[PDB]
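> One structure follows; several queries about it will come next.
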Amino acid sequence: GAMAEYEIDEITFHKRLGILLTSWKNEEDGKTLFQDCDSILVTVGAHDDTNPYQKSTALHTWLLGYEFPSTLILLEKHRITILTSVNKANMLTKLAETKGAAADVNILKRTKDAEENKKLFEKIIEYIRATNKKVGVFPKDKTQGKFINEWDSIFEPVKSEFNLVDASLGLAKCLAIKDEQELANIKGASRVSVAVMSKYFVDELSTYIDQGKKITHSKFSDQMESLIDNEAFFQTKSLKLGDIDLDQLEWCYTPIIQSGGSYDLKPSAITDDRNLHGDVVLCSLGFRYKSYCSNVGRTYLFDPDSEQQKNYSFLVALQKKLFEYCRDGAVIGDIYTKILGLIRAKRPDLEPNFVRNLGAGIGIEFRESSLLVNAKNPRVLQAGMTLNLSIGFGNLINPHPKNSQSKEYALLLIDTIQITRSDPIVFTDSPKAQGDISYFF
């Protein structure tokens, strides 16, 4: 359709490229994170709306501001080669002539000339051959289409000449520490998420329950999702989102709504087609702003019994401790174990119900898996990291279920936080006390 407004900042491009190369040149990192590669080969095929979070895409977004479909990048220690359509290369040519360049910028331009196009691919092979033949890749990434099939026809027959190694962790290290702009983006996204949860979802939810509305979870979810199409909604002075560029706003995923005895605390949960029940309701939702993700999740209780309120209040208290533990220098695995330790000390009865991880890092990727908050993770938190923290209890048993009543429930809290040297900043903070989220008919 229409011509978009692409802001590709030269300075940011070279700053970030320099960060990557600096890590790569580090004796230690170069060996362990980059696995001794002399080049890094990244491809992107056909754009896929339903697959936004791959490392290859993230690299584009981080360096350029946007995914470039049907493009190949070959990183070398002081060069970046970008092989893309001549029509896309128009947006890139300014990078080649930037003052404080972090590397040579080598733009190879595809045209209608099929033979010349083939030669461009052949140049990439030539470059790799002139190296130690160790090539860093993102092995998980899924791609398809005409561009990729062309490349495959050229690369696959010669691939055995090369040692392909996983350079994922090398990029992960660089993405992990958010700069001022990136933190601003995540904070913006977070603000939208909390506004929608607090100022739309809760109002709708409590009304539906009070009025005995018949509505499926997926129908409620779709309703809430459609809100992104309503610019007037975001512009309501109450929401205090006046500064947000709505054109750069997207959903991270389809909001997850659960009730009526069927729960799933995994981020992979899909809203079902069951009728909304006024018992224990979980909702998770998150916006993406300028390609940076956020996430928020809450529990709502309707005519809860004393045990449900007690357990929920315990969750809130544990989450407070989790925040306190999440600071610069903290070993990730230690954080999980400390939280487990609080459970075992104070509510050992709840151990079997406890989540196995407490979330992960968040940014351009919805999930930065290297920062997964479980017991095993040896990595250390650093100021500037951002975490999508999730804590909960599942398969909690109701002592006196009514004929018409759920046998089990779950409890959940999710917030997006920025790591500092002290207490973290909770971007998605909103009142979460039992009294604030409990409703009595």
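In the structure tokens, the first chain shown is A, the next is B, and so on; residue numbers restart at 1 for each chain, and ligands run from 1 in the order shown.
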Which residues, written as a ChimeraX atom specification, have at least one atom at most 10 Å from stretch 270-274 of chain A, with only C-alpha atoms counted and residues fewer than 2 positions away on the same chain left out?
/A:215-222,253-260,262-264,266-268,276-277,283
> For residue A:202, list every protein, DNA or RNA residue within 10 Å, evaluated using only C-alpha atoms, and leave out those in the same chain fewer than 4 positions away; present the list as a list in words.
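Listed by chain and then number, they are residues 196, 197, 198, 206, 207, 208, 283, 298, 300 and 437 of chain A.
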> Give me a file of those residues, with N, CA and C atoms, as an mmCIF file, in the first residue's frame.

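This is the output file result.cif:
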```cif
data_model
loop_
_atom_site.group_PDB
_atom_site.id
_atom_site.type_symbol
_atom_site.label_atom_id
_atom_site.label_comp_id
_atom_site.auth_asym_id
_atom_site.auth_seq_id
_atom_site.Cartn_x
_atom_site.Cartn_y
_atom_site.Cartn_z
ATOM 1 N N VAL A 196 -4.823 -0.257 29.290
ATOM 2 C CA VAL A 196 -5.862 -1.161 28.727
ATOM 3 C C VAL A 196 -6.369 -2.179 29.782
ATOM 4 N N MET A 197 -5.440 -2.731 30.544
ATOM 5 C CA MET A 197 -5.801 -3.656 31.629
ATOM 6 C C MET A 197 -6.652 -2.940 32.667
ATOM 7 N N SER A 198 -6.168 -1.786 33.143
ATOM 8 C CA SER A 198 -6.802 -1.049 34.251
ATOM 9 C C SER A 198 -8.096 -0.331 33.871
ATOM 10 N N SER A 206 -15.773 -6.659 35.263
ATOM 11 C CA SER A 206 -16.618 -6.572 36.467
ATOM 12 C C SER A 206 -18.087 -6.361 36.081
ATOM 13 N N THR A 207 -18.301 -5.632 34.992
ATOM 14 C CA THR A 207 -19.652 -5.365 34.511
ATOM 15 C C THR A 207 -20.317 -6.659 34.038
ATOM 16 N N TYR A 208 -19.567 -7.422 33.254
ATOM 17 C CA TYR A 208 -20.065 -8.665 32.656
ATOM 18 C C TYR A 208 -20.483 -9.618 33.765
ATOM 19 N N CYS A 283 -6.013 -12.664 33.390
ATOM 20 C CA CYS A 283 -5.790 -11.988 32.137
ATOM 21 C C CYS A 283 -4.312 -11.560 31.985
ATOM 22 N N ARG A 298 -2.736 -10.189 35.459
ATOM 23 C CA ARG A 298 -3.414 -9.975 36.731
ATOM 24 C C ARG A 298 -4.451 -11.048 36.995
ATOM 25 N N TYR A 300 -8.127 -11.629 38.999
ATOM 26 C CA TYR A 300 -9.353 -11.035 39.552
ATOM 27 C C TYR A 300 -10.220 -12.084 40.209
ATOM 28 N N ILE A 437 -8.636 -6.146 43.783
ATOM 29 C CA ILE A 437 -8.929 -7.077 42.661
ATOM 30 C C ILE A 437 -9.997 -8.100 43.006
#
```
> Which residues of stretch 98-209 of chain A come within 9 Å of stretch 46-62 of chain A, and for each one, what is the closest pair of atoms and their distance in Å to one decimal, counting only C-alpha atoms, sorted by chain and residue number, as a Markdown table?

```
| residue | atom | partner | partner_atom | distance |
| --- | --- | --- | --- | --- |
| A:138 | CA | A:55 | CA | 6.7 |
| A:140 | CA | A:54 | CA | 8.2 |
| A:141 | CA | A:54 | CA | 6.1 |
| A:142 | CA | A:54 | CA | 8.1 |
| A:143 | CA | A:46 | CA | 6.9 |
| A:144 | CA | A:46 | CA | 5.9 |
| A:145 | CA | A:46 | CA | 5.5 |
| A:146 | CA | A:46 | CA | 7.9 |
| A:147 | CA | A:46 | CA | 7.8 |
| A:148 | CA | A:46 | CA | 8.2 |
| A:168 | CA | A:55 | CA | 7.3 |
| A:171 | CA | A:59 | CA | 7.8 |
| A:172 | CA | A:55 | CA | 8.4 |
| A:175 | CA | A:62 | CA | 7.8 |
```
> Would you kindly return, as number ranges by chain, each protein, DNA or RNA residue with an atom no farther than 12 Å from any atom of residue A:181, considering only C-alpha atoms and excluding same-chain residues fewer than 2 positions away?
A: 9, 12, 62, 65, 177-179, 183-188, 289-292, 363, 384
> Only C-alpha atoms, please: the residues just picked out, written as a tab-separated table (two decimals), in the first residue's frame.

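Result saved to out11.tsv:
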```tsv
chain	number	residue	atom	x	y	z
A	9	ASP	CA	19.11	6.46	12.32
A	12	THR	CA	22.25	4.24	16.21
A	62	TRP	CA	18.06	-3.49	16.36
A	65	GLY	CA	14.84	-0.10	12.95
A	177	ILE	CA	21.27	-4.31	27.78
A	178	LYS	CA	18.70	-1.71	26.69
A	179	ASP	CA	19.80	1.86	25.93
A	183	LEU	CA	13.94	1.62	27.73
A	184	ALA	CA	11.73	4.52	26.68
A	185	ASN	CA	10.08	2.23	24.07
A	186	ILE	CA	9.44	-0.59	26.54
A	187	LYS	CA	8.11	1.89	29.09
A	188	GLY	CA	5.75	3.34	26.49
A	289	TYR	CA	5.89	-0.14	20.74
A	290	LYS	CA	8.38	0.67	17.95
A	291	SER	CA	8.96	-3.12	17.94
A	292	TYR	CA	9.72	-3.29	21.68
A	363	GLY	CA	12.72	-6.57	24.19
A	384	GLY	CA	19.61	-1.95	31.71
```
> Among stretch 237-369 of chain A, which residues does DSSP mark as strand (DSSP E) when it is run on the backbone? Keep the chain and numbering as in the structure and answer as a PyMOL selection string.
chain A and resi 249-251+256-258+280-285+287-289+292-293+296-302+359-361
> Let's have the selection written as a CSV table (one decimal), in the first residue's frame, with N, CA, C and O atoms.

```csv
chain,number,residue,atom,x,y,z
A,249,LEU,N,2.3,1.2,17.2
A,249,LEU,CA,1.8,0.3,18.3
A,249,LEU,C,1.2,-1.0,17.7
A,249,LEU,O,0.4,-0.9,16.7
A,250,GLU,N,1.5,-2.1,18.3
A,250,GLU,CA,0.9,-3.4,18.0
A,250,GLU,C,0.7,-4.2,19.2
A,250,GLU,O,1.3,-4.0,20.2
A,251,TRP,N,-0.1,-5.3,19.0
A,251,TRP,CA,-0.2,-6.3,20.0
A,251,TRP,C,1.0,-7.2,20.0
A,251,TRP,O,1.5,-7.5,18.9
A,256,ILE,N,-4.8,-13.2,26.6
A,256,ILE,CA,-5.2,-14.5,27.2
A,256,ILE,C,-6.1,-14.2,28.4
A,256,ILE,O,-5.7,-13.6,29.4
A,257,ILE,N,-7.3,-14.8,28.3
A,257,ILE,CA,-8.3,-14.7,29.3
A,257,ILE,C,-8.8,-16.1,29.7
A,257,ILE,O,-9.2,-16.9,28.9
A,258,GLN,N,-8.8,-16.3,31.0
A,258,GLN,CA,-9.1,-17.6,31.6
A,258,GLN,C,-10.0,-17.5,32.9
A,258,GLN,O,-9.9,-16.5,33.7
A,280,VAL,N,-12.5,-17.1,39.5
A,280,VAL,CA,-11.2,-16.7,39.4
A,280,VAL,C,-10.8,-16.4,37.9
A,280,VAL,O,-10.8,-17.4,37.1
A,281,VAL,N,-10.5,-15.2,37.6
A,281,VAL,CA,-10.2,-14.8,36.2
A,281,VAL,C,-8.8,-14.3,36.1
A,281,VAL,O,-8.3,-13.4,36.8
A,282,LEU,N,-8.1,-14.9,35.2
A,282,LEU,CA,-6.7,-14.4,34.8
A,282,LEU,C,-6.8,-13.7,33.5
A,282,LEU,O,-7.4,-14.2,32.5
A,283,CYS,N,-6.0,-12.7,33.4
A,283,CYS,CA,-5.8,-12.0,32.1
A,283,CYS,C,-4.3,-11.6,32.0
A,283,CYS,O,-3.7,-10.9,32.9
A,284,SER,N,-3.8,-11.9,30.8
A,284,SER,CA,-2.4,-11.4,30.4
A,284,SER,C,-2.6,-10.7,29.0
A,284,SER,O,-3.3,-11.2,28.1
A,285,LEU,N,-2.0,-9.6,28.9
A,285,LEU,CA,-1.9,-8.8,27.7
A,285,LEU,C,-0.7,-8.0,27.6
A,285,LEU,O,-0.1,-7.6,28.6
A,287,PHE,N,1.4,-5.0,24.8
A,287,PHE,CA,1.7,-4.2,23.6
A,287,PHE,C,3.2,-4.2,23.3
A,287,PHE,O,4.0,-4.3,24.1
A,288,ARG,N,3.4,-3.9,22.0
A,288,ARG,CA,4.7,-3.7,21.4
A,288,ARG,C,4.7,-2.3,20.8
A,288,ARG,O,3.8,-1.8,20.1
A,289,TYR,N,5.7,-1.5,21.2
A,289,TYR,CA,5.9,-0.1,20.7
A,289,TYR,C,7.3,0.1,20.0
A,289,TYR,O,8.3,-0.2,20.6
A,292,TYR,N,9.3,-2.9,20.3
A,292,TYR,CA,9.7,-3.3,21.7
A,292,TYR,C,8.5,-3.8,22.5
A,292,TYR,O,7.5,-3.0,22.7
A,293,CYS,N,8.6,-5.0,23.0
A,293,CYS,CA,7.6,-5.7,23.8
A,293,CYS,C,7.4,-5.3,25.2
A,293,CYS,O,8.4,-4.9,25.9
A,296,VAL,N,1.8,-7.6,30.8
A,296,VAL,CA,1.2,-7.4,32.1
A,296,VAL,C,0.1,-8.5,32.3
A,296,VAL,O,-0.5,-9.0,31.3
A,297,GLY,N,0.0,-9.0,33.5
A,297,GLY,CA,-0.9,-10.1,33.9
A,297,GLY,C,-1.4,-9.9,35.3
A,297,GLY,O,-0.7,-9.6,36.2
A,298,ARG,N,-2.7,-10.2,35.5
A,298,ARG,CA,-3.4,-10.0,36.7
A,298,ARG,C,-4.5,-11.0,37.0
A,298,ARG,O,-5.0,-11.7,36.1
A,299,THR,N,-4.8,-11.1,38.3
A,299,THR,CA,-5.8,-12.0,38.8
A,299,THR,C,-6.9,-11.2,39.3
A,299,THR,O,-6.7,-10.2,40.0
A,300,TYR,N,-8.1,-11.6,39.0
A,300,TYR,CA,-9.4,-11.0,39.6
A,300,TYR,C,-10.2,-12.1,40.2
A,300,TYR,O,-10.5,-13.2,39.6
A,301,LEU,N,-10.7,-11.7,41.4
A,301,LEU,CA,-11.5,-12.7,42.3
A,301,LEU,C,-12.9,-12.2,42.5
A,301,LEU,O,-13.1,-11.1,42.9
A,302,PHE,N,-13.8,-13.1,42.3
A,302,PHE,CA,-15.2,-12.9,42.5
A,302,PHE,C,-15.8,-13.8,43.6
A,302,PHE,O,-15.8,-15.0,43.5
A,359,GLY,N,9.6,-16.3,34.4
A,359,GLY,CA,9.7,-15.4,33.2
A,359,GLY,C,11.1,-15.3,32.6
A,359,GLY,O,11.9,-16.2,32.8
A,360,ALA,N,11.3,-14.3,31.8
A,360,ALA,CA,12.6,-14.1,31.0
A,360,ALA,C,12.8,-12.7,30.6
A,360,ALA,O,12.0,-11.8,30.9
A,361,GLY,N,13.8,-12.4,29.9
A,361,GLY,CA,14.2,-11.1,29.3
A,361,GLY,C,13.1,-10.8,28.3
A,361,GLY,O,12.5,-11.7,27.7
```
> Rank nothing, just name the residue among A:102, A:396, A:192, A:40 nearest to residue A:128, using only C-alpha atoms.
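Ranked by minimum distance to residue A:128, first place goes to A:40.
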> Stretch 134-238 of chain A: which residues are alpha helix (DSSP H) by DSSP, as a PyMOL selection string?
chain A and resi 146-155+168-176+180-196+202-211+217-225+231-234
> Could you check which of A:153, A:309, A:382, A:374 is closest to residue A:439, using only C-alpha atoms?
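Looking at the shortest contact to residue A:439, the residue is A:309.
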> Identify which of the residues A:413, A:2, A:174, A:108 lies closest to residue A:29, counting only C-alpha atoms when measuring atom-to-atom distances.
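Once distances to residue A:29 are computed over only C-alpha atoms, the minimum belongs to A:174.
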> My list of candidates is A:95, A:426, A:124, A:385. Which is closest to residue A:73 when distances are computed with only C-alpha atoms?
A:124
